[PDB]
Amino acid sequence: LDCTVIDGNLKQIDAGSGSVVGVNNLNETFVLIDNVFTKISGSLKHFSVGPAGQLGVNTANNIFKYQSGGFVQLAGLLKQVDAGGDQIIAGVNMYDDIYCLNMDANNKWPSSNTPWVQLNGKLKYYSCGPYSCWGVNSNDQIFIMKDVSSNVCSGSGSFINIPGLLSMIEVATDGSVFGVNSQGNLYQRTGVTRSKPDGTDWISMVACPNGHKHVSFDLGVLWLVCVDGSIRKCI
């Protein structure tokens, strides 16, 4: 990895649809604008961007979607949310229960309901890509949901355990899968394709000299939050 340092400090970063967003330890919300992390209105502990929009959650687990000029609350509660899927939203709540919203509901406004679908299982972190979603549970075990589509956000309905341990995991729009483990090591899943969505093995890489805290990938660029909150941008 050839990386550069990007100025700023974050605890979480997400990249998708050409955007790069994140939050810092004070839960200030940032968008990468002309190569500068730029604060926007809001208080969020997790901020995601991708083909499903700009989605975040606050400390109280309220869910927000950026629309028509600002964050608007969506009905429900989640501790983490991802917008990487194919116009679907996915996330987990404080009890590690797993939810997704289908494209037809995501794109309906006004709405007198947000018809979340519960997935069978437990995860502390859940991220979606073009044809699958990956997550980890409270014991850092790794899972894939295959056959996810825009109006079948719940997929095949049966999670598959993928050997290994990760503390968080992100799925990119080109299908790439990266994660960080409890030791702050960084990994990519090799051999991931639409035909083989589970891929083949894990390979380690190093962007942060001091340990990695958070990772996301989009459009040939790997984004890292290091242990100290500093940011790396990698090809």
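Sequential numbering from 1, following the sequence displayed.
Per the PDB record, of the two stretches 160-168 and 124-132, 160-168 carries the greater mean B-factor over its C-alpha atoms. Higher average CA B factor: 206-214, of the stretches 35-43 and 206-214. Highest CA B-factor among the listed residues (23, 227, 221, 224): 227. You'll see in the entry that, of 107, 150, 141, 80, the Cα B factor peaks at 141. Among the modelled residues of the chain, residue 179 sits in the middle third by CA temperature factor in this PDB entry. Ranked by C-alpha B-factor against the other modelled residues of its chain, residue 85 falls in the lowest third. In the PDB entry, a CA B factor belonging to the highest third of its chain's modelled residues is recorded for residue 111. Looking at the C-alpha B-factors along this chain, the one for residue 99 belongs to the middle third. When the CA B factors of the chain's modelled residues are split into thirds, the value for residue 194 lands in the highest one.
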